[PDB]
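In structure tokens, one chain follows: the form deposited in one PDB entry.
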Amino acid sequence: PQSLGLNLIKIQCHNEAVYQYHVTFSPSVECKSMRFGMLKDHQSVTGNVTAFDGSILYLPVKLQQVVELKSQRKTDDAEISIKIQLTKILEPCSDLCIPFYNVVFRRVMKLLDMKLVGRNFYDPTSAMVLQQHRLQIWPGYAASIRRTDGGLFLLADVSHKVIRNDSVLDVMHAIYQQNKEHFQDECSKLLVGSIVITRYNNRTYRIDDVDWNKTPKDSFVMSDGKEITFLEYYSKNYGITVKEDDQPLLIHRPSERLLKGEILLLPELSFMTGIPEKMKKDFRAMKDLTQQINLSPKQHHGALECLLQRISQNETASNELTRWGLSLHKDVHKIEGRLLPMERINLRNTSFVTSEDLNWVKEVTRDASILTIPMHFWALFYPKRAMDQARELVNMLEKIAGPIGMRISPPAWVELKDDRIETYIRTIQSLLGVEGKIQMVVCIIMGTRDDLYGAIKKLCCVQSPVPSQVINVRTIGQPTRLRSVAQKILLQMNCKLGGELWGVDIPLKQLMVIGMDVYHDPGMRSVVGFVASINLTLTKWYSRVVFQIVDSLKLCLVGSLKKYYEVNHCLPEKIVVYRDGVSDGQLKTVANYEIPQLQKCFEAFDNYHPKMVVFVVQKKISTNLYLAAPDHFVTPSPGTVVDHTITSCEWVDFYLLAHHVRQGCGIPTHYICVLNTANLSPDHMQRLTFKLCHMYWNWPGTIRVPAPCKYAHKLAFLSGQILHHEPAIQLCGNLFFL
């Protein structure tokens, strides 16, 4: 196993006797802080300890059903009436009590002089300020109380908040200091697209438009029905005095249709959130940023321990915790994971087991691949700017062709007179028109060019179906960084040409491993990519996408079963399904609706009635793991499984760290088995997941997700932004999308 530390962060044991009230303010105050001040002033009637969210409140004592209080606003001496209802009891301290738990612990963070930014709390006393880009990088913790199989935990990981130490108003002031002619247009271009955050209610808004005619001295109407000015609004509610009465106003017109009336924002107390573009190019600034932000497991655990010491040091936060019956542990939680054995990577004439690094970038380019096709009559499309460089590749391509036992002829020498996209398209079309037996088509470009990749995959997956390869000069012009890159280039070449690269021994007989990916960037239509194994060694993968109603994946399953029929000759046995991640709260929509809708598609086939295991694969995980080495906390070894205590209560799931981590702490991947009709054991199912983590052929090593999952992700990525079309059926038997 692995004696890791941390896992889900320390146990936070709680208490009972909560009561849920809905405080109505007449007139309604729109400020959380001043409403909290009124309900702390009224502690004679509402009791010593209150948990207030802004509109919904929690007390440890049962009041009466209707409570009317006469409070005074601390700004204009406005006599307002507080209307305390009595809604819920919340006796058993179930999942219903979790938002109240997060409310009291968020105030526990708040009165430690930690600012609330986004969903997290950050410490300004730990300031790391860069005056070169006038910003502060000040750290904090992303705290949230959750419930898992081990019980009630508080998850907090080290989040660093990039606060530009200059308001949005100060940003336009600085721009006006720089440019005083076209200040408005460039300020609008900078602000639109990246958000601002209002710090009086920590709320983030996208700058849809900026109104320079609108002024805070002008008056607007609330949703309640009162005509008030912005100086008056902020002064009576939030207590903010507007310094400069000539600001613009930021409008955040929301998405779809009151809801979509408008939202108006003041630049004075809204701040920028993003990394400056001047900071990105600066090598020393980014060196400081990624030396102080990618914390080691030692530094991450030390920051969490410093948070624990700060909480135990301040008497007010601890007093709040015990007066609400909460308690934080002395240190973080300690359980043990499990290290899976390394899997033997198989080639033609030999196979090798792997060491702790789980990388085979040098163990591959000594032995021949299991099936490489006789690569002949291929072409190389290059421009003259990479001329000599490109010639070198061809030479070392032969110097790699021998080691991996793959026969390569001198290709076509095709020139690209210009780097235009349609020039590439027409020269590949001319090459395919002249000779119809061209196997592979490879182009070379300058810089990250997404539209060239789009049209190359357009032509080589839709119009004229041929395997293709795209090469960039950002890396290929490096002398010492060339051999290990050309190795992976030739491996991808053999992969997309239909030749089977390295395999892993799959211990399950006659299975159809399926991965799907629902790609929806907004714009473009949502597309489900679908990759299904059609062999016993799982080396060739059938592919198909659909365009969406998401339950109707149409003929994907029956086409996969038809090609498995045509290849394996009337012996289908098993189906293993790997779906993309969905919010918890979309697991039932996946579980009890979509799967016993696609399981009825098997009736189209002649009385099959198969087995089926459906996963939900969740990748972005804010839970961190550190190995508790006898000196300190180090990076966990690849192949680590946490199948308990940090997983969901309702379902069967596990977290797998299946990759080499050199920077910071790794992200384990969450796999939730929503269907297990084939009666897979957890050990066999996660070993199959790790086996497919080995199976990804575009990286000579293991990855965090299974190979069909990343195959479907690349395929749906293609059909979303790179194709906008179903791929041609000729290439669907190959891994053309790598």
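Residue numbers run from 1 along the displayed sequence. Only the largest set of C-alpha atoms that superpose within 1.5 Å between the two forms is called the rigid core.
#### Entry: Deposited residues lacking coordinates between residue 548 and residue 549 (none, 1 to 3, 4 to 9, 10 or more)
Gap between residue 548 and residue 549: 4 to 9 unmodelled residues.
### Query
Which fits the stretch between residue 522 and residue 523: none, 1 to 3, 4 to 9, or 10 or more deposited residues lacking coordinates?
Missing in between: 1 to 3 residues.
Omitted here: the form deposited in another entry. The next part is about that form.
### Query
Where among 627, 370, 207, 308 does the Cα move by 2 Å or more between this form and the one not shown after the core is superposed?
Single residue meeting the criterion: 370.
#### Entry: Per-residue C-alpha change between this form and the one not shown, residue 615, threshold 2 Å, rigid core fit
Superposed on the core, residue 615 moves its C-alpha less than 2 Å between this form and the one not shown.
### Query
Is the C-alpha displacement of residue 583 equal to or greater than 2 Å between this form and the one not shown once the rigid core has been superposed?
Residue 583: C-alpha displaced by less than 2 Å between this form and the one not shown.
### Query
Taking the rigid core as reference, does the Cα of residue 465 move 2 Å or more between this form and the one not shown?
Yes, because once the rigid core is superposed, the C-alpha of residue 465 moves 2 Å or more between this form and the one not shown.
#### Entry: Residue pair residue 580, residue 454 - Cα distance in the other form, closer or farther (3 Å or more)
They are farther apart; the C-alpha distance rises by 3 Å or more in the other form.
### Query
Shorter or longer C-alpha distance for residue 478 and residue 357 in the other form, given it differs from this form by 3 Å or more?
Distance between the C-alphas of residue 478 and residue 357: longer in the other form, by 3 Å or more.
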